[PDB]
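All remarks here apply to the structure that follows.
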Amino acid sequence: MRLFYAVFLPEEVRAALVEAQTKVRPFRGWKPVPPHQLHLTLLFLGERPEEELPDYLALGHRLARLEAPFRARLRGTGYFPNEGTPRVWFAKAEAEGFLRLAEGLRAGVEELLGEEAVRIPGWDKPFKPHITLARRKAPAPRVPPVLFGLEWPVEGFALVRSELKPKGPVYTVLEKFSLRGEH
């Protein structure tokens with residue numbers, strides 16, 4: 001299983017983002033992310049053996065009970081790579097809470113994997129709270145920045161499986177976790 005932890009989004013957030021995606025329909029080189037897949041990843045795990053499921057599940061429940069629901073703000077768009085042909089178009093979101101959950105999980109995964117966690121794809125990348133809007137499958141141009149200024153309540157996150165299939169990746173939520181922490 002190819003697994004990752006992520007935050008799914010509420011209606012007003014998906015709609016603001018779906019209106020954003022709009023600037024990109026004239027460009028067939030842009031592949032827009034289906035609204036119900038729009039999400040912010042806190043930690044990608046790559047291919048993991050089934051034997052580890054319980055540990056990722058327990059890790060989720062642990063972190064969930066230690067951290068409280070927090071407010072996030074959607075704020076501006078960007079591309080990767082920053083210069084040259086872009087690979088991705090994403091929205092920047094921000095909040096201490098995303099960083100705290102990302103740290104909490106990298107920590108748990110290290111305890112469980114030790115040295116092996118380094119081999120996880122993109123493990124060394126510094127966490128950037130980003131929400132992908134579209135991916136560049138063919139030539140397409142950058143579009144001007146999209147400012148959002150939209151605050152919303154983050155109440156939990158999930159452990160999700162991704163499977164590459166025809167039309168693209170199909171997501172299955174193995175579990176949702178509710179932020180219930182006192183902190």
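Per the header: X-ray crystallography, 2.5 Å.
For all residues, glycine too, the Cβ spot is worked out from N, Cα and C.
In Swiss-Prot this protein carries:
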ACT_SITE  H39  active site, proton donor
MOTIF     39-42  motif 'HXTX 1'
ACT_SITE  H130  active site, proton acceptor
MOTIF     130-133  motif 'HXTX 2'
C-alpha spacing of the residue listed as 'active site, proton acceptor' relative to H39 (active site, proton donor), in angstrom: 9
For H130 (active site, proton acceptor): intrachain residues, at least 6 apart, with Cβ closer than 8 Å: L40, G78, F90, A91, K92, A93
For the motif 'HXTX 1' (39-42), the number of residues DSSP places in helix, strand and coil: 0 helix, 4 strand, 0 coil
Tally of DSSP helical, extended and coil residues in the motif 'HXTX 2' (130-133): 0 helix, 4 strand, 0 coil
